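Quick heads-up: it's one chain on its own, the form deposited in one PDB entry, in structure tokens.
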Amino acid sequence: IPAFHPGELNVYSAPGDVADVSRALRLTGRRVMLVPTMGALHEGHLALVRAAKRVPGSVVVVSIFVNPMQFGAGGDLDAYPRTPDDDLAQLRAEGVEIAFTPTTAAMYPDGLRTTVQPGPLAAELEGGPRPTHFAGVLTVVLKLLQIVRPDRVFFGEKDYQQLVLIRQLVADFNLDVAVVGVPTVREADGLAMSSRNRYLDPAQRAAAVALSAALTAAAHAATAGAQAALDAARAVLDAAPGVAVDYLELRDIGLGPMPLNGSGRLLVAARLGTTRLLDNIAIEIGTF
């Protein structure tokens, strides 16, 4: 149990430290909230913090870890945006009491050994060309949940596939934590917040509005059915300069092995130059 100073930012690197502090806090009555991040915080991460802060008597733990296990690919890992000085400044400004910034050796001292194997959802959509990506993410999430043992854990809905697989993890391994999904924070034109928006030049930043415009078009077109919703989104993506579409798909909300009913999720992934952007929205089909 290292020093805990309430009402300021305590930073721990050692998993044993954050674990002992967390358990200490839980035993004295505070509910522990966890917000997993990979750093490069934007207003989207701040919204997760602010959701966690609203839980009465919460202490909020933000983890910052760029997880080598979920990455490809030669250069993807090294190219990840890292800005930890601006990261800790914002958390201090939001009143966060705990930041957990582990080293790679402390998370993976034996290298990759026991891992989480996701269900078949991890091979679809984002997982199609990146077969071990979601095993890497579910493995780090499980370890975070075990080190921190929060009551609730918060994720954005922007990476909706990820959030769904995380729900499966929690359910399938009987984890005793409530998973809270927070609606995607957007730029004023509709662009979903993402660490990788900084890679759009001014022309690409202009075209990028097409994704959220396509999804909202579809969500309104959907009174007329699935075909009309998809055709609306496709038309908007087509009218946009150098948007290259990787997929546009409408699925049940659990994304599972079941057909679409009245409520669905429309997901899109597109490339602007070298930058791959994702977005998604709730869709109600027909009568609703």
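In this text, the rigid core denotes the largest set of C-alpha atoms whose superposition between the two forms falls within 1.5 Å. Only residues modelled in both forms are compared. So that there is no doubt, residue numbering starts at 1 and follows the sequence shown.
The protein also exists as the form deposited in another entry; that form is not presented, and the subsequent description refers to it.
Once you align the rigid core, which of 171, 105, 73, 188 turns out to move its Cα at least 2 Å between this form and the one not shown?
Once the cores are aligned, the residue moving by 2 Å or more is 73.
Large Cα shift (2 Å or above) at residue 260 between this form and the one not shown, core-fitted:
Yes; residue 260 is a residue whose C-alpha shifts (by 2 Å or more) between this form and the one not shown when the cores are overlaid.
What direction does the residue 260-residue 134 Cα distance move in the other entry compared with the shown chain, closer or farther, given a change of 3 Å or more?
Relative to the shown form, the pair is farther apart.
Taking the cut-off of 3 Å or more as given, in which direction does the distance between the C-alpha atoms of residue 250 and residue 257 change in the other entry, closer or farther?
Distance between the C-alphas of residue 250 and residue 257: shorter in the other entry, by 3 Å or more.
After a core superposition, which runs of 3 or more consecutive residues shift by at least 2 Å in C-alpha position between this form and the one not shown?
Flagged stretches (3+ res, CA at least 2 Å): 73-75, 256-261.
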